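Only one structure is covered here, and it is reproduced in the block below.
Protein chains in written order, with the entry's author numbering: chain M, 33 to 569; chain C, 33 to 569; chain D, 33 to 569.
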């Protein structure tokens, strides 16, 4: 190109192609990215404060230790571009088209580019209120671009902390610095002290002798780009497995053969369960034949120590448990039952909040997903199962056992449209996780490579080793990210006689939200991604 | 054919073909099926009573809520033919031949037909004790036949409720109507009230806005058959995995290298465990070297909250746990220990009971399967494992934890000959069950399609919309189902020097049972299907 | 075939095929039809009573003369099978699939058959309460089948009077006799008498000298069918034009360039219309430049003498006017404004009512269709249009003029799912109608031929010319109609950023309707067929 030729165009429109039972979705996305000169040109390793609302005393007996943010990390001068959110890609009407017409979807491949690089230096004349800023584009300045296609850098592209390209095509995007954890010990003893009601710090430190420090420079090759230059990543092919776009309402009581019933006679009458019937029960039960004790081949859902806080080497964390809905147990609407492994997105103006300077939030309670719902305290167990009822003993109620086992069938959450991550890195361990607690797609052979960008340091006349920022000219860049990810769906067709409830906005919400304001402010709606019902087995 | 030509024959004999280490079993089966005019020509959706022996009060503190039969369902006018039981296929001597000569077996493919359709209308003349019935065959009447080869209907072909073609070749079979569950909430709180000793209904209702209604007519294509007509399903090919025809007696103490022992000298003496030996223990143990604390690679069996009652969206159900034998713990014969995930078949005259008007029962306690036996209260855990014994603390006994994990190896029940189901539908969920609590074969790509039959309604002169059965002529049909399923076994050969105990009748039983009576009444014997012992590892 | 072979099968399932922007919908439908012996074997010509609720006096000044049912007709012994309703074809979930995924649809071709003919004679023995009916199938009896593929018979297949094959696949259908109007004069003078407030009959008579009588026998060839016989119509190809599956919200004030506006500043402020602007107005207006008087190229909608009663040769009728919504004018919900050329379906158990012995009704007020809404009394006209406002004179308000003209653009109603007709006969006149007030498809070259059926008369031993029904044996038939119509849609894709409101049940309704009952009773929902919004110009 040159100084005066643009190196790319803008395509943010998505494509749907229906042939047979297959549906190809080509999602185009384009962003205008504002980049600033790095705060420091150096890599920094440091630990942090314990975080806000962490206990300084034992008044709460240490139940507040779940508010630990403590950690250690390497501060990279680079910046991360991840398009790892749904909604960086599709608009609300495009995701509605996806989930109405597709029963499941996969990731096919990903492309992305960077072009129309503009680098400006900001100069100031005069002083005081007479100070005048001038923005001069530096035509010979460089932008540094690193993509690790070999996945040799630590992966932090999880959309957690919602650091991702924004969801609204016409607004500018602003990157966050690339940073990763180093080895540290944070171990908190909540059993400490007499009566074992006190919490105590055991070890909180950076672990230096075991630590790993990988810079971007010695790891991946870096492209240096002027104004007339562009960058393409090349094709990336996913290998994942499809995600279900429907939700399952069947429990193990909704599942198999139906208990023999005598039909009702008139419009007010109910069916009657037949008393003497033949079939397979579990224990010695031969007379009750309760549909409850009917033997089944599998079991849908499992119990857990809901809100399991694992106090590990790095600190307390949550061990999630299975997703489901508390709607069958809900009763009072005011009380909010979080125990279905619910999640909550806290988001901002670029990520689909209408208000600048304040953040909005969405608690996904997973209401459509029932039949998987297992509240651990509601369960029980008996010593024996037979024609006799056990006594006060022989019967236990509130336990909180993990009942995951070889016979259980569960679901995952699925796509969570605006704020949910798309793919995920697979942990490199002897036993790889069977499924993911958040991201619908697990990458079997390496996640899409991380695109890291940096402005090359632009130095003044004098260069002093003692100097940091006083030594470089104040600089910023704006450029354009474009990307294309392609999806493969499977055509959804009616499986029932009656009308479906088709995808749409969340229940209590209206449509004046989600539409631009007099100032241009609007939100993106939550789209479940498991949308319409389907049979399990 | 025509009115006066028969459209098929009767083949109920089974074939064994031995070539090399492979053995092909071709099971032929033929049934004479009696069908009646549907009670109603319409689809009905209704819920039921809570069931017999369900509590109307809190006297039992709500431990009787396991007797819940409540549910909701769509009443289809159609009728189900499922040959999904073992024993619809093989007679006792044919299944003995299978389990003696085969170490494992698979399902190969299935064929089935319907032919020799006979439809009669029953007319009555006179009134009172002079009333005379006449049975006239209606040559132009139709039989409706629907097979869903695409598995688009809810699957209820689980042989639970023993609704399946009968086990005795020369007796007539009688179908049950096809029915399936709809979406309903049944949630029972057994924690309710002060002291948390009371039970309460939370939500019991049909869930109408989320409900799915699929008729047979809008789903699958229906064949209309006269007398001279027949129906073949076409070939169905299973893809499953083999089932083990042997039982495993080895626990993790029966498994690996043997503790070093000094042999006995004379006929009364025992071996002595050598005191100072070298090897891998678990904790700091270096001196005891107890075979108990020898490290092993795996563990055989797992604990569970035996008789786990999961109170889910549809109601309470049992979360099974692993099958095993209580025989090592049995002691007193009178007490019946159900905790090995035992099952009980309640069956009737056509399904292998000798007495009409009464039902017999068989409690399968799984006695041969040991080494998998884990009674959860009998276990323990310690804080540390070392050359020292822990104190009163540091040692816990009755826990009921699920100990299934990454190192565990377990079995399933296997074939349960007369009353057990053969195959099963795989639940459509993110995590598919690792194995099945009952049916030995899991269908990876769709279960054999369900054959639904119906008599077309035969109407009188006048047709009134207000009329139901007063509008159609009283009609019934008899026809002949034939089917062929083929099995692939692997030849069993002696692995030991000493004599085996070969398959036969259950232990306490005699042979005057299982043989016809002066009236022709006899039972079919339970055949374990895991019959002879084998080594695990 | 023969007596004992069935001549066809049952396929009621619908198919969707998506390739590119084209979508083929193959609708299969199958009905079980109950036919009775004709009331008379002869053609009858007669006139009727004036009808219920017609005035016998002048108390209402003759405004009740709109309740005239009077007419004359030829009574044919034959019976009509018309599948001319939407909903004879698709179920609610299949029509939802159509209107979500298609922006417009055409009719492609139609096939239909008749098979599995069963003819029974009913005999009675004894007398009194001892009387015994016997139903004997007469194997040599005939069914008469006439299809006029040349459209030489009068066409009465308009689904008006909802005489059409039923909407529920599993219920029996019952035909109505074929009948058509003859030439009669009915002329009512509502101007009669002094003060012109009285109504009077002018001429009410059958017009015999001009009358036309066409039997089925001398017109079309008739097929005679035994039990082992079937009938296929052959292919019929439609030539029609597509119907729009979207509704238009734009009026002529929603349409073109927008009035110049000064945008709002903060969240509560509104835009301000700019005062001095340049553009094309209508009259001498140069200063006001009201968006109202902006010249436009076309005009959307037209006024009418709403509820125009044309007193013609055959009697009073309604001259419809354009369809639109009264929702912008609605205000009070209790008052029901009918003036948008609304329609009302009155239907019964087979046609989608849940209650037998009572009828339900649906008033289609066409609420989504706005921008076409022209209430004639709300309009006005002025003498001159200029910078001056006219006086009390020069301005007229309540007029009721027909404002249809050369610049107007209007819509039609579109598909009305359960009860609406599909196609229509084109009147043979010098000026053919531009569009249709009800049926979405006008047949340019002949409507699908009418299928007329009749049982051949089955006579007793003696045949007397004086005898009518006393001469023929009491007979009825049941048989099976199958048909296939194929549609061509155009793929609907998102035209907007925000979420659509997707097709579903009518607003105030719940889903416990539309789903089967404990007795099996349910309704079919109204599906608009103009479902989602779209831009006009």
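Every residue gets a Cβ at the ideal spot worked out from N, C-alpha and C, and that includes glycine.
Buried or exposed (CB count within 10 angstroms, at least 16 for buried), residue i
i, result
"residue 49(C)", "exposed"
"residue 131(C)", "buried"
"residue 389(M)", "exposed"
"residue 353(C)", "buried"
CA nearest to the CA of residue i, picked from the options
i, options, result
"residue 215(M)", "133(M), 222(M), 237(M), 358(M)", "237(M)"
"residue 426(C)", "283(C), 325(C), 415(C)", "415(C)"
"residue 242(D)", "217(D), 250(D), 221(D)", "217(D)"
"residue 67(D)", "126(D), 269(D), 493(D), 152(D)", "152(D)"
"residue 196(C)", "444(C), 534(C), 454(C)", "454(C)"
"residue 535(M)", "194(M), 182(M), 564(M), 550(M)", "564(M)"
"residue 227(D)", "437(D), 94(D), 100(D)", "94(D)"
"residue 285(M)", "276(M), 325(M), 487(M), 86(M)", "325(M)"
"residue 403(D)", "442(D), 113(D), 384(D)", "442(D)"
"residue 220(M)", "185(M), 53(M), 235(M)", "235(M)"
"residue 248(M)", "395(M), 79(M), 75(M), 452(M)", "75(M)"
"residue 486(M)", "260(M), 315(M), 430(M), 208(M)", "208(M)"
Proximal residues of chain D, C-beta to C-beta of residue i below 7 angstroms
i, result
"residue 126(M)", "526"
Residues near residue i by beta carbon distance below 8 angstroms, same chain, minus five either side
i, result
"residue 77(C)", "104, 105, 106, 107, 214, 238, 243, 245"
"residue 98(C)", "341, 348"
Contacting residues, own chain, Cβ-Cβ under 6 angstroms from residue i (five flanking each side not counted)
i, result
"residue 516(M)", "60, 143"
"residue 47(D)", "58"
"residue 270(M)", "139"
"residue 445(M)", "355"
"residue 571(M)", "Nothing in the structure corresponds to residue 571(M), since chain M is present only between 33 and 569."
Under 7 angstroms by beta carbon: chain C residues contacting residue i
i, result
"residue 467(M)", "462, 463"
"residue 399(M)", "Simply none; closest approach about 10 angstroms."
"residue 427(M)", "95"
"residue 569(M)", "187, 457, 458, 459, 460"
Close-in-space but distant-in-sequence residues of the same chain around residue i (CB under 7 angstroms, 5 per side omitted)
i, result
"residue 72(M)", "109, 500"
"residue 291(C)", "305, 323"
"residue 581(C)", "Outside the shown range of chain C (33 to 569) lies residue 581(C), about which nothing can therefore be said."
"residue 295(D)", "303"
Residues that residue i contacts on chain C, provided the C-beta gap is smaller than 8 angstroms
i, result
"residue 548(D)", "74, 75, 76, 77, 106, 245"
"residue 490(D)", "The premise fails here: residue 490(D) is roughly 13 angstroms from chain C at the closest Cβ pair, so nothing lies under 8 angstroms."
Chain-ordered neighbours of residue i on chain M, where CB pairs are closer than 7 angstroms
i, result
"residue 433(C)", "433"
"residue 531(D)", "124, 125, 128, 536, 537, 546, 557"
Interface partners of residue i on chain M, CB under 8 angstroms
i, result
"residue 194(C)", "310, 311, 312"
Under 9 angstroms from the C-beta of residue i: neighbouring residues of chain M
i, result
"residue 132(D)", "132, 133, 534"
Check distances from the C-beta atoms of the segment 154 to 172 of chain C to those of chain D and list, in chain order, the residues that come in under 9 angstroms. For the segment 154 to 172 of chain C, which is checked against every Cβ of chain D, the residues closer than 9 angstroms are 155, 156, 157, 158, 159, 166, 168, 170, 171, 172.
Which residues, taken in chain order from the segment 321 to 352 of chain M, show a beta carbon closer than 9 angstroms to some beta carbon of chain C? Answer set for the segment 321 to 352 of chain M: 321, 322, 323, 324, 325, 326, 327, 328, 329, 330, 331, 332, 333, 334, 335.
Near-chain C residues of the segment 281 to 300 of chain M (beta-carbon distance less than 8 angstroms), N- to C-terminal order: 281, 282, 283, 284, 285, 286, 287, 288, 289, 290, 291, 292, 293, 295, 296
Near-chain M residues of the segment 492 to 515 of chain D - C-beta to any C-beta below 9 angstroms: none
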